[PDB]
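Asks: Here you go, one structure.
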Ligand SMILES: [Ca+2]
Ligand SMILES: [Ca+2]
Ligand SMILES: [Ca+2]
Ligand SMILES: [Ca+2]
Ligand SMILES: [Ca+2]
Ligand SMILES: [Ca+2]
């Protein structure tokens, strides 16, 4: 009878506030009855972000929210007497904050340096390079896809390596007969690694980091 | 008797599908009685996207949603006898789709030319340039801020203009002196304009146009 629904709310809502977000329905209900709300977000830190209209059962939010700060609130609603005795025992009101894409992919282990053998077979792992993302990992908003943007130098061949778009594993793609040194200038290679958002998708957010790769004897 | 409260779903959800997005509660009705959903999205183009469990009244979606394709669904839900005849007349089930920042700002008014008289004062509106954004202007996903990225040439000053972050207005910032022809080459400055999402915060997506500004006699 007290009855009402799990509210979803996008983070980073623009002003003004407060804004309606849901509505607790009762029915079987006296006159001079009052919806009262409580729990985390009302009267437990963070106090004061959610409000119910005591007549209409309109649940409203009073300010913008941050999913990577707080991802869920569990509130409790109830109706009351003219006095304050509960004429409709308390039920749970769940609020899920919806991920918005407001974090940029960023590498956090740098500087990045891996070594590899001069004359290695294809698919030999140089190193691993995973990026971090403060957004929801179960949404496109985290979900990373990796690419190599630049190789220096561009000899013997322009792209000697290739990264796992999924795992971020750098591996060798070039034979022993060129992937060597003998008459080499700098022992090493310089790779510009990009991690992008929304799993590839033309329109992601990016983070970079240049890996330094040393050819070994 | 059927209570069907508005359902929110974020676009670009990730599989596996189907995924539960809501629930229609009724009250006051026999057994064997079955829920039945209908409308565009169900049994009318674009068909096949939402289902309802005929016993529990759980509402589910079968695949990722695109807000820019469809932003709202107008559905109808009813309870029927094993027969087929309504026993709990129809109600509306409104489904809304939460915007996710997946469209990049772009300048669709190529090309951009303005004019400004040689020896103008600080403040002269030369022109305005505004970018379009396929996302929801009520959110931050649209909500663009403006910036001048580069300017060629650089004489007299490397930055002769300023652009208003919100309004997109290009104003002159160079004297009745350091803003004059004759001492020059061709009538023109070329600027790179950037529009940024999320109200100009670093997590914004960006589009760019070139605005040619001619200096007049
Ligand atoms: Ca956040
Ligand atoms: Ca992200
Ligand atoms: Ca987020
Ligand atoms: Ca979309
Ligand atoms: Ca956008
Ligand atoms: Ca969108």
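Note that we place each Cβ from the backbone using ideal geometry, even for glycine, and neighbour counts take in every protein chain shown. FYI, it's all coordinate maths here, none of it is from the lab.
Asks: Quick test for you: out of B:121, B:137, B:111, pick the one residue that is within 16 Å of ligand 4 (Cβ to nearest atom) and over 25 Å from residue B:20 (Cβ atoms). Please lay out each step first, then the result.
Replies: Details: B:121 fails: within 16 Å of ligand 4 (Cβ to nearest atom); B:111 fails: within 16 Å of ligand 4 (Cβ to nearest atom).
Every option except B:137 fails the conditions.
Asks: Which pairs turn up if I take residues in region B:53-81 that are touching a residue at least 40 places away in the same chain (Cβ under 8 Å) and within 14 Å of another protein chain (Cβ to nearest Cβ) and look for partners that are part of a loop (DSSP other than H, G, I, E, B) and within 16 Å of ligand 5 (Cβ to nearest atom) with beta carbon separation below 6 Å, at least 6 apart in sequence or on another chain?
Replies: Close Cβ pairs (under 6 Å, with a partner that is part of a loop (DSSP other than H, G, I, E, B) and within 16 Å of ligand 5 (Cβ to nearest atom)) amount to B:64/B:12; B:65/B:11; B:66/B:11; B:67/B:11; B:67/B:99; B:68/B:134.
Asks: Would you check which residues across region A:96-122 are more than 16 Å from ligand 3 (Cβ to nearest atom), touching a strand residue (DSSP E or B) at 6+ places or on another chain (Cβ under 9 Å) and in contact (Cβ under 8 Å) with a residue 60 or more places away in the chain and list them? Show your work before the answer.
Replies: Within region A:96-122, the subset more than 16 Å from ligand 3 (Cβ to nearest atom) is A:107-122.
Those still in the list that are touching a strand residue (DSSP E or B) at 6+ places or on another chain (Cβ under 9 Å) too: A:107-118, A:120-122.
Selection gives A:107, A:110, A:111, A:112, A:113, A:114, A:115, A:116, A:117, A:118.
Asks: Can you tell me which of B:9, B:49 is within 16 Å of ligand 6 (Cβ to nearest atom) and closer than 12 Å to residue B:73 by Cα? Can you show your working first?
Replies: Details: B:49 fails: within 16 Å of ligand 6 (Cβ to nearest atom).
Checking each option against the conditions leaves just B:9.
Asks: Residues A:170, A:87, A:95: which one is within 14 Å of chain B (Cβ to nearest Cβ), surrounded by 14 or more Cβ atoms within 10 Å (Cβ to Cβ) and part of a strand (DSSP E or B)? So that I can check it myself, show each step before the final result.
Replies: Numbers: A:170 fails: within 14 Å of chain B (Cβ to nearest Cβ); A:87 fails: within 14 Å of chain B (Cβ to nearest Cβ).
Answer to the check: A:95.
Asks: A follow-up question, please. Which residues, taken from region A:123-148, are more than 14 Å from chain B (Cβ to nearest Cβ), outside any strand (DSSP E or B) and in contact with a strand residue (DSSP E or B) (Cβ under 6 Å, 6 or more places away or on another chain)?
Replies: A:123, A:124, A:129, A:131, listed by residue number.
Asks: Return yes when residue A:29 is more than 18 Å from residue B:6 (Cβ to Cβ) and either touching a strand residue (DSSP E or B) at 6+ places or on another chain (Cβ under 8 Å) or within 16 Å of ligand 5 (Cβ to nearest atom) (or both) and no when it is not. Quick ask: steps written out before the conclusion?
Replies: On the way: more than 18 Å from residue B:6 (Cβ to Cβ): yes; either touching a strand residue (DSSP E or B) at 6+ places or on another chain (Cβ under 8 Å) or within 16 Å of ligand 5 (Cβ to nearest atom) (or both): yes.
Taking the combined requirement at face value, the residue satisfies it.
Asks: Output the residues belonging to region A:98-122 that are in contact with a helix residue (DSSP H, G or I) (Cβ under 8 Å, 6 or more places away or on another chain) and more than 14 Å from every other protein chain (Cβ to nearest Cβ). Show your work before the answer.
Replies: Quick first cut of region A:98-122, residues in contact with a helix residue (DSSP H, G or I) (Cβ under 8 Å, 6 or more places away or on another chain) only: A:102.
The answer is none; no residue qualifies.
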